[PDB]
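Protein chains in written order, with UniProt numbering: chain A, 4 to 100; chain B, 4 to 133; chain C, 2 to 124. Written below as structure tokens is the structure these notes are about.
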RNA sequence: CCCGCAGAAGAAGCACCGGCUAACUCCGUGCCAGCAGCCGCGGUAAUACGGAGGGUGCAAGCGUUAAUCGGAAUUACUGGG
RNA sequence: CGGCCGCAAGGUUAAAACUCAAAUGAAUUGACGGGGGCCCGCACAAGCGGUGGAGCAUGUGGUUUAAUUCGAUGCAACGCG
RNA sequence: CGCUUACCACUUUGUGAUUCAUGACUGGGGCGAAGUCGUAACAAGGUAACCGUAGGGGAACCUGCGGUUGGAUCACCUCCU
RNA sequence: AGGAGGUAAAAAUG
């Protein structure tokens with residue numbers, strides 16, 4: 004009737020960088036395995052989604068629209084990416100639909 | 004993300020039947036342009052959603068799933084097409100919203116205050132033998 | 002004393018409430034044991050205790066805590082029950098006996114082995 | 001029931017051990033797993049959770065559940081406010 | 001809930017299931033009051049000389065940066081370690 | 001013997017009483033949780049509070065009328081004998 | 001010692 008696709012864009016940062024929170028001494032220096040991403044704002048999702056998500060006070064995002072999601076509750080990186088990706092699937096459409 | 008309404012041409016049977024209501028002799032002779040749909044469940048293709056569009060009860064769709072929309076407001080056949088084409092999208096995509104909610108709730112800051120509390124009540128249970 | 006008030010209104014043999022609304026004087030009752038879940042206790046504690054609602058064969062739709070380790074029950078799994086409450090989960094006043102026709106015990110609980118309907122290891 | 005054979009041969013586990021209410025330490029997991037009739041025990045040093053050692057109670061029976069009475073002078077005429 | 005009464009709002013009579021193992025009374029103690037008493041301290045009153053305005057030295061925040069080490073950061077941190 | 005009068009159980013039907021399950025949906029209560037924001041109530045709680053009655057209001061509650069204490073507070077200054 | 005009379009300003013919130 005109307006083919007809607009939840010396709011993963013290429014304009015998102017898959018970088019295994021530092022986690023944010025607590026954890027003793029490992030959280031202050033190293034902090035790997037936690038997918039802290041950035042969904043570059045001036046890119047695709049043609050202006051309809053970009054500024055639509057910016058006119059709303061939200062957590063786990065930047066002030067510019069480079070959404071910074073933290074994926075913590077998963078042990079393997081295959082599932083930690085799923086924690087990061089699946090959150091964005093629900094996150095962007097939350098401020099869209 | 005990438006949204007372009009499909010609604011397959013050559014897959015949707017459109018039936019033009021007469022209208023209903025008041026309005027003179029105009030409403031009962033050349034008001035056959037009014038539209039009534041015919042969207043069978045056999046043109047599914049998601050494999051899982053169309054059956055979830057059939058099981059959950061709602062109108063516009065019978066007990067078999069041949070989805071019909073008898074639009075009676077317009078005077079042209081053109082407006083009957085697009086208005087009936089929008090509701091088919093407005094029913095199916097609205098009903099296919101099978102919310103992947105989530106859970107749960109397990110006390111995580113209760114026992115950082117609750118824990119020190121009861122153990123401090125140990126002095127309350129010292130009113131005995133020494 | 003007010004004996005004239007007593008000759009009219011006698012000494013009421015006050016009947017107390019029951020802690021087991023299953024059936025009158027029943028030692029046990031067979032339950033259809035439905036909808037398995039796990040909920041949190043109250044102010045005294047905090048844990049993830051396995052519990053189960055009980056569709057009774059006398060007609061009741063009650064609740065019961067599953068005191069045990071081995072999960073040998075599901076959607077139906079018709080079991081038996083013994084009275085008594087847990088005092089820590091607000092609402093439960095029964096117990097899932099770990100020795101029913103359906104529910105067996107847990108292996109390797111040597112100390113006080115008659116507990117949880119565990120069969121005594123002859124080894 | 002009595003006489004003879006008669007290798008101890010064929011004949012012991014259950015609950016509980018913080019207090020109430022007789023009986024202690026150690027190890028493993030960490031308000032997690034679980035326990036209980038009551039108060040409650042468990043946040044890496046648990047006499048209360050699980051096991052081991054030992055102890056206590058009882059005995060071919062022992063605990064658990066349920067019901068009645070006493071406990072309960074918490075229906076009090078006996079015998080309360 | 002039912003009965004009774006009322007123009008109505010309601011009144012009178014009067015439960016149960018369920019849920020907790022506490023609720024409550026008395027008096028005792030610290031604290032606060034733009035509450036009072038009594039009393040002290042440069043607290044005020046009576047006077048003197050300074051800060052704030054200017055320049056300079058130093059410390060902190062903020063900012064910036066490859067780093068501008070870290071901690072203290074109401075009285076009782078800021079010429080402090 | 002046959003026939004028939006009266007009485008009567010059962011059944012059927014009309015119309016009520018009462019009682020027991022179930023009923024989409026909806027209201028009130030408790031509990032855990034304690035996510036939210038409020039900080040009512042308690043020192044006179046920064047407006048003393050409680051009871052009855054009436055109105056208002058997002059919530060604790062507010063306000064008018066009457067009653068109770070299960071509420072406080074009694075110094076200096078000026079003057080006089 | 002008894003007794004009469006006089007006397008005072010508002011200010012929210014953790």
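Where a beta carbon is used, it is the ideal one built from N, C-alpha and C, also for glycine.
From the DSSP output, in three-state form, read off residue 37 of chain C for me.
Counted from its first residue, the third chain places residue 37 of chain C at position 36. Residue 37 of chain C falls in the strand class under three-state DSSP.
Hey, is residue 4 of chain A's beta-carbon within less than 9 Å of any beta-carbon in chain B?
Residue numbering aside, residue 4 of chain A sits at position 1 when the first chain is read from its first letter. Yes, contact with chain B.
From residue 49 of chain C to residue 9 of chain C, what distance separates their C-alpha atoms?
Locating residue 49 of chain C in the third chain gives position 48, where the first residue counts as 1. Locating residue 9 of chain C in the third chain gives position 8, where the first residue counts as 1. Rounded to the nearest whole angstrom, the C-alpha separation of residue 49 of chain C and residue 9 of chain C is 56 Å.
With DSSP as the reference, please indicate the residues paired to residue 53 of chain C in a beta bridge.
Counting from one through the third chain, the residue named residue 53 of chain C turns up at place 52. The partner list for residue 53 of chain C (beta bridge, DSSP) reads C/37 and C/65.
What does the Cβ neighbour count give for residue 78 of chain C, buried or exposed, with the cut at 16 atoms within 10 Å?
One-based indexing of the third chain puts residue 78 of chain C at position 77. So residue 78 of chain C counts as buried.
What did DSSP end up calling residue 65 of chain B once you bin it into helix, strand or coil?
By one-based count along the second chain, residue 65 of chain B stands at place 62. Residue 65 of chain B falls in the coil class under three-state DSSP.
Length of the line joining the Cα atoms of residue 66 of chain C and residue 40 of chain C
Here residue 66 of chain C is taken as the residue at index 65 of the third chain, counted from 1. Here residue 40 of chain C is taken as the residue at index 39 of the third chain, counted from 1. In a straight line, the C-alpha of residue 66 of chain C is about 10 Å away from that of residue 40 of chain C.
Collapsed DSSP secondary structure at residue 30 of chain B in the structure displayed
The residue labelled residue 30 of chain B in the question sits at position 27 within the second chain. For residue 30 of chain B, the secondary structure class from DSSP, reduced to helix, strand or coil, is coil.
In the DSSP output, what is residue 30 of chain C paired with across the bridge?
One-based indexing of the third chain puts residue 30 of chain C at position 29. DSSP lists C/82 as partners of residue 30 of chain C.
Chain B within 9 Å of residue 48 of chain A, Cβ atoms only:
Numbered from its first residue, the first chain carries residue 48 of chain A at position 45. So yes, residue 48 of chain A belongs to the interface.
Which whole-angstrom value is the C-beta distance of residue 81 of chain B and residue 41 of chain B, which I expect to be below 8 Å?
The residue labelled residue 81 of chain B in the question sits at position 78 within the second chain. The residue labelled residue 41 of chain B in the question sits at position 38 within the second chain. Rounded to whole angstroms, the Cβ separation of residue 81 of chain B and residue 41 of chain B is 19 Å, and the two are not in contact under 8 Å.
Just checking: is the beta-carbon of residue 10 of chain A within a distance shorter than 9 Å of some beta-carbon in chain B?
Translated into the one-based positions of the first chain, residue 10 of chain A becomes position 7. Yes, contact with chain B.
Taking 9 Å as the CB-CB limit, is residue 38 of chain B close to chain A?
Taking the first residue of the second chain as position 1, residue 38 of chain B is located at position 35. No, residue 38 of chain B does not count as interfacial toward chain A.
Could you spell out where the beta strand (DSSP E) holding residue 6 of chain B opens and where it closes?
Here residue 6 of chain B refers to the residue found at position 3 when the second chain is read from its first residue. That run of the beta strand (DSSP E) goes 5 to 7.
Got a sec: is the Cβ-Cβ distance from residue 117 of chain B to anything in chain C below 9 Å?
Looking up residue 117 of chain B in the second chain gives position 114. Yes, because at least one Cβ of chain C sits closer than 9 Å to the Cβ of residue 117 of chain B.
Say whether the segment 66 to 75 of chain C touches the segment 103 to 111 of chain C, bearing in mind that this needs 3 or more beta-carbon pairs closer than 8 Å, one atom from each stretch.
yes
Say whether chain B places a C-beta atom closer than 9 Å to the C-beta of residue 86 of chain A.
On the first chain, position 83 is the one that residue 86 of chain A refers to. No, residue 86 of chain A lies away from the interface with chain B (no Cβ there is under 9 Å from its Cβ).
Alpha carbons only, please: which of C/17, C/43, C/12 and C/5 is nearest the one belonging to residue 110 of chain B?
Against the second chain, residue 110 of chain B aligns to sequence position 107. Taking only the C-alpha atoms, the option nearest residue 110 of chain B is C/43.
For residue 57 of chain B, return the contacting residues in chain A, with the cut-off set at a CB-CB distance below 9 Å.
For this step, residue 57 of chain B is matched to residue 54 along the second chain. None at all; the shortest Cβ gap to chain A is about 14 Å.
Quick check: the segment 66 to 82 of chain B against the segment 30 to 49 of chain B, are at least 3 beta-carbon pairs closer than 8 Å?
yes
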